[PDB]
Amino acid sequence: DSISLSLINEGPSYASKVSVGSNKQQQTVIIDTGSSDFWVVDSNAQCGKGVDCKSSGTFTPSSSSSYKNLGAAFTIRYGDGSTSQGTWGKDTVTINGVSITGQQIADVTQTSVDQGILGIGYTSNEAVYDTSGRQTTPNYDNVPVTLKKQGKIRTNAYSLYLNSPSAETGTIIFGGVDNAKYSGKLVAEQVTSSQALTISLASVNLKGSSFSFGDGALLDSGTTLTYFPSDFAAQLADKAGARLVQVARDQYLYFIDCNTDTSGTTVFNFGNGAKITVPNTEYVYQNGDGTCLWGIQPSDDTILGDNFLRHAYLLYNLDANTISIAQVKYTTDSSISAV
């Protein structure tokens, strides 16, 4: 028992069509290993200034017979600064024809995000706290836990295949692994946080140099680029020719020339001899205006986002606290086994 789900490459994010409610209201929502809550855009939501939040499906609780309004306010803030608020609820959730009943979700009535987010991380990272810092509702079974508890999948685990940079679609598989879509063997890496799907990154090879790291890296489907601590990012920037630019009182971004040569690769070395090679095409990101960001950015939180994850096949196993990785093989061939 595996559940395959198509990932829509939206550019900065990967999203899937799922349904919510007794009447199977279709939502296109970001698939996010870096958060743990599933929330949907209410049909009467007030979008954030300049945000078109109702273009990727909306949810009308009043037309679902199964919708339950829990007591309780919902609030979340993401790493990029965007936020969503609303109320906690429960309803039926349907993922490629597989339904789970009474799944706790949030009905969001105000947001600066463009669409809903299906957070599939650990339950201990659920946004169950208000802006006073107080826990306002208990930790709860999120979507992957409920899939397991209702007998849909054997293990709380899922495999991620974002597919190639130009691809319209990839695939996430709950409770399974597609053995046709990687070369070599999947190497298991120990998760190093009890809250976040981080693994130890030993080093990065770039432009013929090896840069020792030796700290955790979040493997986040819901981050567009790659983030490293300021001093390490600056060591890499020195080889790449990326230039730090102050964009706000406390925000700096690496820019790079749009016509910069993108030949070569960057190699990421993890535990147990596991190795992912990323083409340097992944390090030039086009902004609207004829400037480009470098694919690496500074942050106190280390994150390997989509521009890394496109080049790995990953089996996240939240029961075993492992993420198993191998170099991706782009192919329509498929041979899925249950995990």
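The first residue of the sequence shown is number 1, and the count goes up from there. Superpose the two forms; the largest set of C-alphas matching within 1.5 Å is the rigid core.
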item	value
Core-aligned Cα RMS comparison in 4 other deposited structures of this protein - stretch that moves more, 98-106 or 250-258	250-258
Between 240-248 and 205-213, larger RMS Cα displacement in 4 other deposited structures of this protein after core fit	240-248
235-243 versus 102-110 - which carries the larger mean C-alpha B factor in the record	235-243
Residue range whose averaged C-alpha B-factor is higher in the record, 144-152 or 256-264	256-264
Options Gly71, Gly86, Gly121, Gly79 - largest CA temperature factor per the record	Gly71
Residue with highest C-alpha B-factor in the PDB entry, from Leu225, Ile117, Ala202, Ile173	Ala202
Third of the chain's Cα B-factor distribution that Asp300 belongs to, per the entry	highest
Where the record places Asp52 (Cα B-factor, split into thirds across the chain)	middle
Record-listed C-alpha B factor of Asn287: chain third	highest
Modelled-residue ranking by C-alpha temperature factor, third containing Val41	lowest
Third of chain Cα B-factors occupied by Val93	lowest
